[PDB]
Amino acid sequence: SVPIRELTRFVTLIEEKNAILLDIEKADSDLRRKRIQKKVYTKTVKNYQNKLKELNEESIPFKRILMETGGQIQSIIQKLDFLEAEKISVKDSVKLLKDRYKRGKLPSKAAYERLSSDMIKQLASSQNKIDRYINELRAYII
């Protein structure tokens, strides 16, 4: 069926996780714009990464109960896992593309601009689907 108790807890947990992940991006942005000392960066990120590890541990029992129902809830959670990983990959891809471009190792400015635009769209597309699937879980409760 649908375990309302576990789902109600899980929805709050994954919103908090999505929020911390976006705070990590904010730290990443502050770093490359040199608006934060790398002292405060590696400190704050290691602190955020501990909140994540602890939230991910706490979510384990609820997530297992939810995935063992199969069907649509299981499917949504699996996509959320995928989309989170995909957004991380795109993040590292843009950073690499930027280093490869400033070192003059790309064919052309037009190629760089098209690929980087592609990656920014993919970042928004991934985050869009994450928010949508979080809202689909929430709709079970609210």
# chains A, B, ... in the order shown; residues from 1 in each chain; ligands from 1

$ residues_around --residues "region 46-48 of chain A" --least-positions-apart "2" --cutoff "12 Å" --atoms "only C-alpha atoms" --output "list in words"
residues 16, 17, 18, 19, 20, 21, 22, 23, 24, 25, 26, 27, 39, 40, 41, 42, 43, 44, 50, 51, 52, 53, 54 and 55 of chain A

$ write_last_selection --atoms "C-alpha atoms" --output "mmCIF file, in the first residue's frame"
data_model
loop_
_atom_site.group_PDB
_atom_site.id
_atom_site.type_symbol
_atom_site.label_atom_id
_atom_site.label_comp_id
_atom_site.auth_asym_id
_atom_site.auth_seq_id
_atom_site.Cartn_x
_atom_site.Cartn_y
_atom_site.Cartn_z
ATOM 1 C CA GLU A 16 16.056 19.303 3.938
ATOM 2 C CA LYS A 17 18.541 17.289 1.850
ATOM 3 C CA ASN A 18 17.621 19.175 -1.331
ATOM 4 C CA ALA A 19 18.069 22.442 0.600
ATOM 5 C CA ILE A 20 21.554 21.536 1.876
ATOM 6 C CA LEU A 21 22.692 20.403 -1.575
ATOM 7 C CA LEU A 22 21.703 23.842 -2.943
ATOM 8 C CA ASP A 23 23.588 25.463 -0.046
ATOM 9 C CA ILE A 24 26.649 23.486 -1.210
ATOM 10 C CA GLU A 25 26.247 24.948 -4.712
ATOM 11 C CA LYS A 26 26.042 28.418 -3.111
ATOM 12 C CA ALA A 27 29.339 27.689 -1.368
ATOM 13 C CA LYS A 39 39.404 28.430 4.948
ATOM 14 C CA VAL A 40 35.664 28.979 5.417
ATOM 15 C CA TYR A 41 34.902 26.961 2.262
ATOM 16 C CA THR A 42 36.470 23.600 3.084
ATOM 17 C CA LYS A 43 35.136 24.003 6.650
ATOM 18 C CA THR A 44 31.543 24.779 5.654
ATOM 19 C CA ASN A 50 28.178 15.729 7.691
ATOM 20 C CA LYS A 51 24.580 16.933 7.886
ATOM 21 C CA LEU A 52 23.962 15.022 4.642
ATOM 22 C CA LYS A 53 25.595 11.807 5.862
ATOM 23 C CA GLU A 54 23.515 12.013 9.053
ATOM 24 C CA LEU A 55 20.290 12.841 7.200
#

$ closest_residue --among "A:65, A:130, A:7, A:45" --to "residue 79 (chain A)" --atoms "only C-alpha atoms"
A:130

$ select_by_dssp --residues "region 91-121 of chain A" --states "helix (DSSP H, G or I)" --output "PyMOL selection string"
chain A and resi 91-102+109-121

$ closest_residue --among "A:11, A:123, A:106, A:66" --to "residue 84 (chain A)" --atoms "only C-alpha atoms"
A:123

$ residues_around --residues "residue 110 (chain A)" --least-positions-apart "6" --cutoff "12 Å" --atoms "only C-alpha atoms" --output "JSON, numbers by chain"
{"A": [101, 116, 117]}

$ write_last_selection --atoms "C-alpha atoms" --output "PDB file, in the first residue's frame"
ATOM      1  CA  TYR A 101      38.380  26.418 -22.192  1.00  0.00           C
ATOM      2  CA  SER A 116      28.223  25.270 -21.586  1.00  0.00           C
ATOM      3  CA  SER A 117      24.709  26.527 -22.396  1.00  0.00           C
TER       4      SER A 117
END

$ residues_around --residues "region 67-73 of chain A" --least-positions-apart "2" --cutoff "8 Å" --atoms "only C-alpha atoms" --output "list in words"
residues 1, 2, 63, 64, 65, 75, 76, 77 and 137 of chain A

$ write_last_selection --atoms "N, CA, C and O atoms" --output "short mmCIF file (atom, residue, chain, number, x, y, z; two decimals), in the first residue's frame"
data_model
loop_
_atom_site.label_atom_id
_atom_site.label_comp_id
_atom_site.auth_asym_id
_atom_site.auth_seq_id
_atom_site.Cartn_x
_atom_site.Cartn_y
_atom_site.Cartn_z
N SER A 1 0.83 -1.20 0.00
CA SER A 1 0.00 0.00 0.00
C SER A 1 0.87 1.26 0.00
O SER A 1 1.86 1.33 -0.73
N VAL A 2 0.51 2.24 0.82
CA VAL A 2 1.32 3.45 0.98
C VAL A 2 1.47 3.74 2.47
O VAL A 2 0.46 4.00 3.15
N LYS A 63 13.16 5.14 4.05
CA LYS A 63 13.33 4.91 2.62
C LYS A 63 13.18 3.42 2.26
O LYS A 63 12.56 3.08 1.26
N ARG A 64 13.73 2.53 3.09
CA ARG A 64 13.59 1.10 2.82
C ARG A 64 12.13 0.67 2.87
O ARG A 64 11.64 -0.02 1.96
N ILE A 65 11.40 1.08 3.92
CA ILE A 65 9.98 0.76 4.02
C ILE A 65 9.24 1.28 2.79
O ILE A 65 8.36 0.60 2.23
N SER A 75 9.33 3.99 -7.59
CA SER A 75 9.85 4.55 -8.83
C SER A 75 10.33 5.98 -8.64
O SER A 75 11.42 6.35 -9.11
N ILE A 76 9.53 6.80 -7.94
CA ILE A 76 9.86 8.21 -7.69
C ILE A 76 11.16 8.32 -6.91
O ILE A 76 12.04 9.13 -7.24
N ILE A 77 11.31 7.50 -5.86
CA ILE A 77 12.50 7.57 -5.02
C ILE A 77 13.73 7.19 -5.83
O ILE A 77 14.78 7.85 -5.77
N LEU A 137 5.63 13.41 -4.09
CA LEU A 137 5.55 12.69 -2.81
C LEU A 137 4.74 13.48 -1.80
O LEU A 137 3.94 12.90 -1.05
#

$ closest_residue --among "A:15, A:113, A:28, A:136" --to "residue 92 (chain A)" --atoms "only C-alpha atoms"
A:28

$ atom_distance --atom1 "CA of residue 74 (chain A)" --atom2 "CA of residue 89 (chain A)"
23.1 Å

$ closest_residue --among "A:97, A:36, A:4, A:119" --to "residue 140 (chain A)" --atoms "only C-alpha atoms"
A:4

$ atom_distance --atom1 "CA of residue 35 (chain A)" --atom2 "CA of residue 128 (chain A)"
27.3 Å

$ closest_residue --among "A:129, A:109, A:102, A:5" --to "residue 80 (chain A)" --atoms "only C-alpha atoms"
A:129

$ decode --residues "region 117-138 of chain A" --atoms "N, CA and C atoms" --output "PDB file, in the first residue's frame"
ATOM      1  N   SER A 117      26.150  26.279 -22.423  1.00  0.00           N
ATOM      2  CA  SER A 117      24.709  26.527 -22.396  1.00  0.00           C
ATOM      3  C   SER A 117      23.925  25.231 -22.211  1.00  0.00           C
ATOM      4  N   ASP A 118      24.333  24.162 -22.917  1.00  0.00           N
ATOM      5  CA  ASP A 118      23.711  22.842 -22.743  1.00  0.00           C
ATOM      6  C   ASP A 118      23.781  22.376 -21.295  1.00  0.00           C
ATOM      7  N   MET A 119      24.932  22.566 -20.653  1.00  0.00           N
ATOM      8  CA  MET A 119      25.079  22.091 -19.284  1.00  0.00           C
ATOM      9  C   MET A 119      24.281  22.934 -18.298  1.00  0.00           C
ATOM     10  N   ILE A 120      24.172  24.249 -18.527  1.00  0.00           N
ATOM     11  CA  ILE A 120      23.342  25.075 -17.649  1.00  0.00           C
ATOM     12  C   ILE A 120      21.873  24.687 -17.771  1.00  0.00           C
ATOM     13  N   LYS A 121      21.407  24.422 -18.999  1.00  0.00           N
ATOM     14  CA  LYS A 121      20.043  23.931 -19.175  1.00  0.00           C
ATOM     15  C   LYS A 121      19.841  22.594 -18.454  1.00  0.00           C
ATOM     16  N   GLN A 122      20.843  21.714 -18.517  1.00  0.00           N
ATOM     17  CA  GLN A 122      20.706  20.404 -17.877  1.00  0.00           C
ATOM     18  C   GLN A 122      20.641  20.541 -16.359  1.00  0.00           C
ATOM     19  N   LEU A 123      21.410  21.481 -15.789  1.00  0.00           N
ATOM     20  CA  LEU A 123      21.315  21.767 -14.357  1.00  0.00           C
ATOM     21  C   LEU A 123      19.913  22.205 -13.970  1.00  0.00           C
ATOM     22  N   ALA A 124      19.299  23.075 -14.773  1.00  0.00           N
ATOM     23  CA  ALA A 124      17.947  23.528 -14.462  1.00  0.00           C
ATOM     24  C   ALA A 124      16.939  22.409 -14.696  1.00  0.00           C
ATOM     25  N   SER A 125      17.139  21.632 -15.757  1.00  0.00           N
ATOM     26  CA  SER A 125      16.266  20.498 -16.039  1.00  0.00           C
ATOM     27  C   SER A 125      16.301  19.454 -14.913  1.00  0.00           C
ATOM     28  N   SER A 126      17.501  19.102 -14.433  1.00  0.00           N
ATOM     29  CA  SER A 126      17.618  18.147 -13.334  1.00  0.00           C
ATOM     30  C   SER A 126      16.934  18.666 -12.080  1.00  0.00           C
ATOM     31  N   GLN A 127      17.251  19.904 -11.680  1.00  0.00           N
ATOM     32  CA  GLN A 127      16.643  20.468 -10.485  1.00  0.00           C
ATOM     33  C   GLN A 127      15.136  20.570 -10.647  1.00  0.00           C
ATOM     34  N   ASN A 128      14.671  20.887 -11.859  1.00  0.00           N
ATOM     35  CA  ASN A 128      13.231  20.960 -12.072  1.00  0.00           C
ATOM     36  C   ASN A 128      12.559  19.629 -11.748  1.00  0.00           C
ATOM     37  N   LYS A 129      13.106  18.527 -12.280  1.00  0.00           N
ATOM     38  CA  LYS A 129      12.529  17.203 -12.046  1.00  0.00           C
ATOM     39  C   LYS A 129      12.631  16.783 -10.589  1.00  0.00           C
ATOM     40  N   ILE A 130      13.714  17.161  -9.904  1.00  0.00           N
ATOM     41  CA  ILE A 130      13.835  16.873  -8.476  1.00  0.00           C
ATOM     42  C   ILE A 130      12.685  17.516  -7.716  1.00  0.00           C
ATOM     43  N   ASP A 131      12.478  18.819  -7.929  1.00  0.00           N
ATOM     44  CA  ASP A 131      11.403  19.540  -7.250  1.00  0.00           C
ATOM     45  C   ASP A 131      10.036  18.966  -7.590  1.00  0.00           C
ATOM     46  N   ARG A 132       9.846  18.570  -8.850  1.00  0.00           N
ATOM     47  CA  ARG A 132       8.586  17.974  -9.266  1.00  0.00           C
ATOM     48  C   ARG A 132       8.336  16.659  -8.540  1.00  0.00           C
ATOM     49  N   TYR A 133       9.356  15.799  -8.455  1.00  0.00           N
ATOM     50  CA  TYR A 133       9.150  14.507  -7.800  1.00  0.00           C
ATOM     51  C   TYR A 133       9.008  14.653  -6.288  1.00  0.00           C
ATOM     52  N   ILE A 134       9.666  15.647  -5.686  1.00  0.00           N
ATOM     53  CA  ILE A 134       9.419  15.936  -4.274  1.00  0.00           C
ATOM     54  C   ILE A 134       7.984  16.404  -4.076  1.00  0.00           C
ATOM     55  N   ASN A 135       7.484  17.228  -4.999  1.00  0.00           N
ATOM     56  CA  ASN A 135       6.095  17.655  -4.891  1.00  0.00           C
ATOM     57  C   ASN A 135       5.128  16.493  -5.098  1.00  0.00           C
ATOM     58  N   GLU A 136       5.484  15.517  -5.942  1.00  0.00           N
ATOM     59  CA  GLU A 136       4.618  14.350  -6.118  1.00  0.00           C
ATOM     60  C   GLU A 136       4.529  13.516  -4.844  1.00  0.00           C
ATOM     61  N   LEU A 137       5.629  13.406  -4.093  1.00  0.00           N
ATOM     62  CA  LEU A 137       5.555  12.693  -2.814  1.00  0.00           C
ATOM     63  C   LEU A 137       4.736  13.476  -1.802  1.00  0.00           C
ATOM     64  N   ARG A 138       4.928  14.799  -1.771  1.00  0.00           N
ATOM     65  CA  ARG A 138       4.194  15.669  -0.855  1.00  0.00           C
ATOM     66  C   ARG A 138       2.688  15.556  -1.077  1.00  0.00           C
TER      67      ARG A 138
END
